[PDB]
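Notes follow once the structure below has been shown.
There are 4 protein chains.
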Amino acid sequence: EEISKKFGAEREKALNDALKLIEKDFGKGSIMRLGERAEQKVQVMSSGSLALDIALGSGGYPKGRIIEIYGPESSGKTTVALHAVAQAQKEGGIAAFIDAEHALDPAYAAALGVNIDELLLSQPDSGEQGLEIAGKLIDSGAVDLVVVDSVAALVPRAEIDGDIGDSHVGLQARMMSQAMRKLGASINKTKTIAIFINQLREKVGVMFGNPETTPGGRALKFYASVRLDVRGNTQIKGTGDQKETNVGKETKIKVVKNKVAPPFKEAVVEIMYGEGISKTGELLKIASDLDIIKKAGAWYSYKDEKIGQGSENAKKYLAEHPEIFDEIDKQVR
Amino acid sequence: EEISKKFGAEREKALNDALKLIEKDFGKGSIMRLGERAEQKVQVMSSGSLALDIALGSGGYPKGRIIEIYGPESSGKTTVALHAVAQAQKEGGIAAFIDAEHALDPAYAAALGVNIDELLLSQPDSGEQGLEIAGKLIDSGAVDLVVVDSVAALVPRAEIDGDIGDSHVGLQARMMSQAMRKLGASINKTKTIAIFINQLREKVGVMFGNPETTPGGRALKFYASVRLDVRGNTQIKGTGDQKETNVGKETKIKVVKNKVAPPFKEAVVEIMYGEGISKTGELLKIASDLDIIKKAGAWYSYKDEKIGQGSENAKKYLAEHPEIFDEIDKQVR
Amino acid sequence: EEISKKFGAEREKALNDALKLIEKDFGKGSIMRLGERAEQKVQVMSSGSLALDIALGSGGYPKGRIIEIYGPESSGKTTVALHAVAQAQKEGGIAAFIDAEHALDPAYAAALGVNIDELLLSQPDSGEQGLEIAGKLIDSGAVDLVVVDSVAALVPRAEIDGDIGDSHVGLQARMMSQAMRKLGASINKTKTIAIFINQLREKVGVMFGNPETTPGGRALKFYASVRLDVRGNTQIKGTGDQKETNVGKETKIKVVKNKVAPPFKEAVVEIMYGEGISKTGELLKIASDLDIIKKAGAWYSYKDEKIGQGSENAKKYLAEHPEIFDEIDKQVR
Amino acid sequence: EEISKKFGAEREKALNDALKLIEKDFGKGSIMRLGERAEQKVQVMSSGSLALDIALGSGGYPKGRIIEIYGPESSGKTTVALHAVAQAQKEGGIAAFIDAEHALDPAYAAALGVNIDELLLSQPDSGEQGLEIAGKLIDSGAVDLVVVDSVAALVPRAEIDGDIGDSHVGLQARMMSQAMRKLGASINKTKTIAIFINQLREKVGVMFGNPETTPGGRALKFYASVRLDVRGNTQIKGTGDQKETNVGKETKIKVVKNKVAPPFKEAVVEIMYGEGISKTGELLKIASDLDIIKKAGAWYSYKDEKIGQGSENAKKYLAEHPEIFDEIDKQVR
DNA sequence: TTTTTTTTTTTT
Ligand SMILES: Nc1ncnc2c1ncn2[C@@H]1O[C@H](COP(=O)(O)OP(=O)(O)OP(O)(O)=S)[C@@H](O)[C@H]1O
Ligand SMILES: Nc1ncnc2c1ncn2[C@@H]1O[C@H](COP(=O)(O)OP(=O)(O)OP(O)(O)=S)[C@@H](O)[C@H]1O
Ligand SMILES: Nc1ncnc2c1ncn2[C@@H]1O[C@H](COP(=O)(O)OP(=O)(O)OP(O)(O)=S)[C@@H](O)[C@H]1O
Ligand SMILES: Nc1ncnc2c1ncn2[C@@H]1O[C@H](COP(=O)(O)OP(=O)(O)OP(O)(O)=S)[C@@H](O)[C@H]1O
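Protein chains in written order, with the authors' numbering: chain B, 9 to 341; chain A, 9 to 341; chain F, 9 to 341; chain G, 9 to 341.
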């Protein structure tokens with residue numbers, strides 16, 4: 009009743025008839041050669057921290073993918089996301105933070121650089137409405153970056169009504185693994201960054217390596233393209249009120265799984281309290297090891313205003329004058 | 009059959025249709041711009057102790073979050089909570105202590121300043137009725153500050169009936185990590201202070217730094233917004249019974265994680281036995297280093313009643329005459 | 009009205025009348041003797057990794073079968089499939105990758121050895137067009153190897169439109185166990201490799217053995233003929249820029265079910281970041297155990313450039329000169 | 009006008025007039041007394057595996073019946089069927105394997121003992137031609153054993169042309185329950201073994217016992233006469249490559265429904281990779297329990313070559329000398 | 001007629 013034994017005989021007619029037949033129902037761009045598929049070239053969007061951009065390898069987060077960040081107690085996993093929101097918003101793109109922990113005070117965020125009139129914030133109770141407000145945003149609109157914070161706090165609906173301390177086994181993962189399969193396949197058709205910053209909790213029963221995993225389930229880690237781990241709680245004291253007080257936290261960002269460039273190229277980053285991640289104070293250490301500034305215990309030798317050995321080393325004049333940044337940024341590139 | 013490949017084209021109609029579609033099911037205030045979301049301005053409520061209030065930076069506990077306090081054996085973690093109840097109760101707000109240790113002697117508590125006929129005390133046995141009596145209080149009522157003390161002693165139900173020495177691995181954190189997910193997402197819809205004070209316990213296997221952690225688990229610290237640590241057990245002997253006897257403990261309050269202002273600005277506080285925290289003796293040290301009250305070993309030089317060098321330094325007239333505090337509290341801002 | 013008692017009396021007329029009866033309606037090769045049927049001889053295509061071809065026993069994936077690969081987080085289950093695409097594309101055969109995770113960046117792919125203008129990529133949304141685009145490809149054309157990435161990401165149609173977190177019991181397996189029954193019987197009339205690389209998620213309720221299974225359902229395993237599990241996360245630091253940084257990952261491929269050779273004959277494999285599976289540095293270890301290269305901690309003594317004890321051991325001369333490989337591959341046979 | 013009310017009065021002429029009337033249109037071999045019907049004495053054909061031949065009780069599969077076997081992933085449900093094919097082919101019998109998964113590689117099967125130019129294989133697509141090619145073979149010829157593997161792969165005709173994932177409820181069962189009623193009533197007229205090996209898939213919604221059933225439908229079991237469940241996946245390491253490597257699989261065969269002997273009489277069996285089921289290694293565990301070989305941890309004491317405690321215990325001499333088996337297999341009666 | 005997914009530390 010049908011065609012006979014399909015012996016392997018590569019007739020280009022016998023492939024082009026099928027490559028005409030499977031487009032009468034599914035459009036013109038549902039099967040094509042990759043060398044004419046120019047959309048799969050990973051467009052890159054930067055992050056301000058040149059340490060993190062030279063750490064990622066390709067120079068920023070890949071577009072159309074999912075990145076997740078997690079680190080321990082008060083290590084600025086919110087601040088890197090806020091800096092990325094300001095970075096993606098600066099070059100003409102609309103973003104929409106949504107919150108879970110009810111954590112983003114706007115007066116803190118306004119000092120970093122993110123605007124306030126262009127942040128479509130939300131306050132969901134459950135994850136059932138906490139994720140469709142991202143779904144209908146992405147799959148309809150043309151936003152460029154939308155984050156959801158603290159994915160241990162997307163509480164499912166079936167125990168926002170019940171009692172306390174009962175059996176709800178896997179009832180977080182059975183929402184997260186399903187909403188990821190619904191959401192994160194319709195992102196590459198839009199090429200929009202989506203970040204889910206995470207938590208840390210511990211297991212029981214270990215003889216090897218890691219005692220610290222993430223909640224939400226294993227399904228989040230497989231779909232995520234670039235993972236970031238942010239650790240480090242040592243402190244630095246500056247010349248705050250010309251004396252010794254705490255003015256700087258110092259963390260460390262290591263990239264553990266990446267799909268565009270080799271991972272485990274960790275970076276080193278400093279941050280002051282309130283003024284966000286200091287990009288100019290970041291610039292000095294990464295220009296020191298390339299020796300475009302000469303590192304010495306008495307006199308930083310090279311250009312831009314005869315530094316010395318204070319604390320506001322370069323920041324006393326290149327925060328005063330712009331347009332010295334682009335001769336250094338592409339130069340260290 | 010649906011909308012086709014969603015090309016990135018920033019049409020404000022193509023976002024405004026979504027910003028009409030996602031409000032027919034979740035009301036009018038489920039997504040809006042932050043520049044018109046004036047409710048996220050952090051309402052600040054002070055706490056009487058001017059050293060703690062200048063120590064936080066913002067000037068009080070941020071209204072609508074969770075704060076936690078812990079310190080070692082008998083250092084007054086209860087007294088700062090009681091003083092916060094009195095401060096939130098002074099300006100027209102119903103408060104509700106509940107106990108776990110069965111430790112609040114009311115005759116002590118009446119002398120600090122909190123009333124007794126406006127305090128919804130309870131006696132929960134386990135955590136099962138221990139936090140539903142907080143949940144149905146917060147998520148229904150309009151209270152302004154509730155506390156639940158000693159979260160090491162919210163014993164779970166599954167071993168309030170069994171023998172002693174039974175394997176119950178994780179059965180405190182497996183209650184707390186779900187109880188906080190039930191509570192601390194529905195606090196910001198009422199903007200109500202909730203405090204959980206804590207005990208300190210040690211670990212085994214140490215090569216770096218801290219040998220003292222907290223029980224309850226890692227889920228409590230992440231959702232907590234402002235932490236406070238209370239240490240210090242030196243004593244002071246005053247003119248008690250005209251004699252060198254014990255009248256005063258002296259503790260040191262440090263802020264280790266904050267979300268509204270830079271942390272690690274610790275204060276210095278005194279406390280007398282029975283009279284609660286002493287704000288007047290707290291006032292002299294913080295007025296000394298700004299020299300509104302002049303520091304001298306023979307004669308405290310400035311205004312209000314010609315101090316001298318006794319022990320009741322300023323307290324012998326400002327406890328007897330009011331309207332001298334308004335020229336001091338806003339003046340030291 | 010019909011034939012009488014069919015007593016067993018083996019007349020070859022009484023079977024040859026049936027073997028001329030049942031072929032006038034169903035062609036000539038619907039039933040024949042197996043010893044005159046040379047088509048059941050399992051034609052084997054290699055995979056480049058000599059550890060894998062000495063591991064599989066018969067020297068590669070057998071044609072006309074379905075293989076699957078699964079491993080934990082970021083262990084190169086994509087990379088072995090890419091190397092198989094390169095091996096099937098090298099000796100004159102058209103291949104067609106398709107994606108589900110929207111994962112394969114082409115700039116990474118062009119480095120391993122796969123061509124770009126001879127790859128029929130696709131971007132399906134649902135599993136509906138996810139598998140019929142494989143069915144119409146195999147059952148019509150004459151492709152030689154076609155893979156499908158991440159069969160846990162082939163979401164069915166009936167909940168690509170529904171809400172989040174609803175009753176959708178078995179709706180992945182109820183597509184997979186039917187589409188496999190429609191697909192995987194028409195492969196052996198064409199003898200074409202089909203690879204379905206997979207995921208890993210856990211169960212609940214365990215007493216014995218395995219807590220890590222696969223999604224998709226039980227039907228994917230049973231029709232699969234050759235299974236591969238790829239584990240391992242140790243690292244090796246090479247002489248990257250005369251610095252000890254990360255340039256080498258190391259996995260461990262084990263074969264757990266086979267139908268052409270005994271199972272459990274696991275293999276060892278290294279991988280560098282970007283150059284794919286390094287077959288050259290892999291060749292030295294499998295030549296060590298047969299001692300055609302003399303393994304010594306000071307001087308690799310045998311032929312081909314008189315190696316020594318560096319890091320680029322053999323690749324410093326056989327990546328510069330060819331035809332030393334065919335006197336080695338059939339030599340280690 | 010007809011015969012009157014049939015009063016019960018057992019006259020032998022009143023029975024013999026009916027028992028001559030009802031045979032001139034239905035033949036003589038349609039009704040007879042049981043005590044002379046020598047066909048219903050169940051002729052038994054053995055199975056090679058002596059533990060299975062003591063497990064069935066009657067010493068093999070009863071002829072004229074339909075037996076079926078099923079077990080989970082890779083427990084050798086193909087191998088027991090191939091061994092039964094070789095056992096029926098050994099004593100003068102022509103057999104006809106047919107395949108559904110297109111799974112029997114001939115080079116594996118040639119090692120077990122089944123001849124290759126005497127196996128009428130077929131390659132069906134649908135179940136429509138998949139079962140009539142067995143029907144016309146059984147009902148016409150005088151074949152002695154014929155199997156059809158994997159009855160979850162006999163896909164019906166009505167969706168071999170349709171799309172993927174449509175409403176086809178019970179479309180497998182309405183083929184199977186009808187073709188079994190057409191086929192398996194004409195087996196007692198020929199006394200031919202027919203085996204249908206099976207799969208295992210899981211039900212949803214349970215409160216008692218078994219969560220695992222078989223596909224194909226319910227009407228397979230009612231017509232089946234002997235069922236067998238084949239589980240067990242633990243391994244044994246022998247002296248392969250004078251090394252403890254994987255050379256041995258060990259399963260467990262139970263009989264759960266039988267119509268000639270009581271059920272639940274399971275057996276134990278071993279299988280090596282490539283050489284099939286080992287009958288000599290099967291003989292030792294069944295000869296130890298009747299102490300024809302004495303079980304001792306240091307010296308297997310009894311006859312046949314003064315065994316000792318190696319791994320090939322009996323295989324060092326009865327692999328080369330025959331006719332010591334005939335004084336054993338009848339001896340263990 | 002077919003599975004889907006983990007969760008939490010305790011103490012010298
Ligand atoms: N706007 C701000 N003003 C002052 N200090 C801040 C501000 N934001 C953050 N910090 C502090 O600086 C650090 C950076 O913040 P985060 O890394 O986000 O803290 P955290 O450990 O992530 O806890 P979360 O996730 O914010 S609840 C922390 O130590 C904060 O206490
Ligand atoms: N009402 C009171 N009258 C007299 N002494 C008091 C009173 N309340 C507290 N104290 C003492 O003053 C100090 C302050 O109390 P706390 O810091 O609460 O003691 P503690 O170490 O916290 O133990 P807990 O948690 O209160 S049971 C302690 O040294 C108490 O012994
Ligand atoms: N083209 C590439 N460039 C740089 N690093 C790569 C590239 N491909 C893979 N890697 C890395 O090398 C390893 C091999 O990749 P994979 O095994 O495919 O990762 P994975 O664990 O399988 O996750 P998936 O399935 O690819 S999303 C991983 O650690 C990747 O981060
Ligand atoms: N000819 C062979 N050569 C090597 N190994 C074999 C061969 N036949 C079977 N095996 C292996 O030995 C075991 C017995 O085979 P089977 O019982 O057929 O496996 P299975 O679980 O039944 O899967 P199926 O039914 O064959 S698809 C399995 O673990 C096979 O991997």
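Idealized CB from N, CA, C, for every residue including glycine.
1. Output the boundary residues of the beta strand (DSSP E) element that contains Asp237 of chain B.
2. What runs of the beta strand (DSSP E), each 3 residues or longer, lie entirely inside the segment 28 to 89 of chain A?
3. Contact defined as beta carbons within less than 8 Å: I believe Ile146 of chain F pairs with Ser194 of chain F. What is the distance between those atoms, to the nearest angstrom?
4. May I have a chain-ordered list of the alpha helix (DSSP H) segments no shorter than 4 residues that lie completely inside the segment 106 to 184 of chain G?
5. Quick check: is any heavy atom of ligand 2 less than 6 Å from the C-beta of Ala111 of chain A?
6. Just the C-alpha distance for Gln95 of chain F and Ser57 of chain G, rounded to the nearest angstrom, thanks.
7. Below 8 Å, can you find three or more Cβ-Cβ pairs linking the segment 98 to 108 of chain F to the segment 250 to 264 of chain F?
8. Between A:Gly289, A:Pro270 and A:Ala269, which has its C-alpha nearest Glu278 of chain A's C-alpha?
9. Quick check on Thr198 of chain B: buried or exposed, where buried means 16 or more other Cβ atoms within 10 Å of its Cβ?
10. In whole angstroms, what separates the C-alpha of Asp171 of chain G from that of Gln186 of chain G?
11. Taking the Cβ atom as the reference point for each residue, do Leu162 of chain B and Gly138 of chain B lie within a distance shorter than 7 Å?
12. My assumption, with CB atoms under 8 Å, is that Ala322 of chain F sits in contact with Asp312 of chain F. Please give the rounded CB distance.
13. Have a look at A:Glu31, A:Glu167, A:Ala115 and A:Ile203 and flag the residue whose alpha-carbon is nearest the alpha-carbon of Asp133 of chain A.
14. Beta-carbon of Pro114 of chain B versus every beta-carbon of chain A: anything under 7 Å?
15. Mind listing the chain F neighbours of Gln207 of chain G? Cutoff is C-beta to C-beta under 9 Å, in chain order.
16. For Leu153 of chain A, tell me which candidate among A:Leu128, A:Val234, A:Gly135 and A:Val159 has the shortest Cα-Cα distance.
17. So which residues on chain F does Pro270 of chain B lean against when the C-beta distance must stay under 8 Å?
18. So for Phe204 of chain F, helix, strand or coil by DSSP?
19. Show which residues of chain F have a CB atom less than 9 Å away from the CB atom of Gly43 of chain B.
20. Given this structure, state the Cα-to-Cα distance separating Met215 of chain A from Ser83 of chain A, to the nearest angstrom.
21. Output, in chain order, the set of chain B residues within a Cβ distance shorter than 7 Å of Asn218 of chain A.
22. Going by alpha carbons, who is nearest to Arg182 of chain B out of F:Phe230, F:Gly173 and F:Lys71?
23. With DSSP collapsed to three states, give me the class of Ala327 of chain F.
24. If you drop the 5 nearest sequence neighbours on each side, which residues of the same chain put their C-beta closer than 7 Å to that of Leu120 of chain A?
25. List, in chain order, every chain G residue whose beta-carbon is nearer than 8 Å to that of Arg165 of chain F.
26. If you measure beta-carbon to beta-carbon, which residues of the segment 185 to 212 of chain F are closer than 9 Å to chain B?
27. Determine the direct distance from the alpha carbon of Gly16 of chain F to that of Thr222 of chain G, and round the result to whole angstroms.
28. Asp133 of chain G touches chain F at which residues, Cβ-Cβ below 9 Å?
29. Taking only the alpha-carbon atoms, compute the straight-line gap between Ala108 of chain A and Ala227 of chain A and give it to the nearest angstrom.
30. Please report the distance separating the alpha-carbon of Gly256 of chain G from that of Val268 of chain F.
31. Which residues, taken in chain order from the segment 9 to 38 of chain B, show a beta carbon closer than 7 Å to some beta carbon of chain F?
32. Say yes only if the C-beta of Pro270 of chain B is nearer than 6 Å to one or more non-hydrogen atoms of ligand 3, and no if none qualify.
33. Could you tell me whether any Cβ in chain B is nearer than 7 Å to the Cβ of residue 8 of chain A?
34. Are the C-beta atoms of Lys260 of chain B and some chain F residue less than 7 Å apart?
Quick answer:
1. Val234 to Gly248
2. 39 to 41 and 74 to 78
3. 7 Å
4. 114 to 120 and 135 to 148
5. yes
6. 43 Å
7. no
8. A:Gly289
9. buried
10. 25 Å
11. yes
12. 6 Å
13. A:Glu167
14. yes
15. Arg226, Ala227 and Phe230
16. A:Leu128
17. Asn254, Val255, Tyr281 and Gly282
18. strand
19. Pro114, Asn123, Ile124, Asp125, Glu126 and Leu127
20. 27 Å
21. Those within 7 Å of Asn218 of chain A in chain B number zero; the least Cβ separation is about 10 Å.
22. F:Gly173
23. coil
24. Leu90, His91, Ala94 and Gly284
25. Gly173
26. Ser194, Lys197, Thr198, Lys199, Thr200, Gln207, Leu208, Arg209, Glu210 and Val212
27. 33 Å
28. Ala193, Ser194 and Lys197
29. 20 Å
30. 16 Å
31. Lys13, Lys14, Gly16, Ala17, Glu18, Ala22, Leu23, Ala26, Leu29, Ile30, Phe34 and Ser38
32. yes
33. It is not possible to answer for residue 8 of chain A, since the shown part of chain A is limited to 9 through 341.
34. no
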